[PDB]
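Q: This structure is in structure tokens; I'll ask about it shortly.
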Amino acid sequence: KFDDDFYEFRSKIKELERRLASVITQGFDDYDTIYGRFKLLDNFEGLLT
Amino acid sequence: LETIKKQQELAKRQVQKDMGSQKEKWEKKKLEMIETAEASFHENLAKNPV
């Protein structure tokens, strides 16, 4: 039963990760500077899925 | 970001402290000593029925 829950949980993590990719991509375009974009990467340095 | 930067400095220290040169070799020597002691005990165990 736990394995079935894991698969359902696996889809939820992927949905969470897909949203993060979109928000992260929008932020990188928005800064418009190498220093600004780099700062965002440092914040999400440990958040990469 | 400063807190994240602080963690990275700690990360270099954790690897330098926890991981050392020939760490596995020291562990292997300890394992060999345990194996030799176990071998002596097994011979004694074999002796009791005989």
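Ordering of the structure tokens sets the chain letters (A, B, ...); residue numbers start at 1 within each chain; ligands are numbered from 1 in the order shown.
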Quick check: residues of chain B within 9 Å of chain A, only C-alpha atoms, returned as an MDAnalysis selection string.
A: chainID B and resid 1 4:5
Q: Can you write out the residues you just picked, keeping C-alpha atoms, as a PDB file, in the first residue's frame?
A:
ATOM      1  CA  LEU B   1      22.041  34.417   0.791  1.00  0.00           C
ATOM      2  CA  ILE B   4      23.549  30.010   2.460  1.00  0.00           C
ATOM      3  CA  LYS B   5      27.097  31.431   1.963  1.00  0.00           C
TER       4      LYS B   5
END
Q: May I ask for the distance between CA of residue 48 in chain A and CA of residue 22 in chain A, given in Å to one decimal place?
A: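 Straight-line distance from CA of residue 48 in chain A to CA of residue 22 in chain A works out to 12.9 Å.
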Q: Any idea what's packed within 12 Å of residue 17 in chain A, counting only C-alpha atoms, ignoring anything in its chain fewer than 6 positions away? Could you give it as a short mmCIF file (atom, residue, chain, number, x, y, z; two decimals) with C-alpha atoms, in the first residue's frame?
A:
data_model
loop_
_atom_site.label_atom_id
_atom_site.label_comp_id
_atom_site.auth_asym_id
_atom_site.auth_seq_id
_atom_site.Cartn_x
_atom_site.Cartn_y
_atom_site.Cartn_z
CA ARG A 10 6.22 10.86 -6.77
CA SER A 11 3.76 12.64 -9.14
CA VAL A 23 9.12 30.35 -11.62
CA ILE A 24 12.96 29.96 -11.65
CA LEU A 47 16.93 23.88 -3.78
CA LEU A 48 17.80 22.22 -7.15
CA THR A 49 15.49 19.15 -7.45
#
Q: How far is it from CA of residue 33 in chain A to CA of residue 3 in chain B, in Å with one decimal?
A: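 Taking CA of residue 33 in chain A as the start and CA of residue 3 in chain B as the end point, the length is 22.9 Å.
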Q: Could you check how far CA of residue 32 in chain A sits from CA of residue 19 in chain A, in Å to one decimal?
A: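 Distance reported for this atom pair: 21.2 Å.
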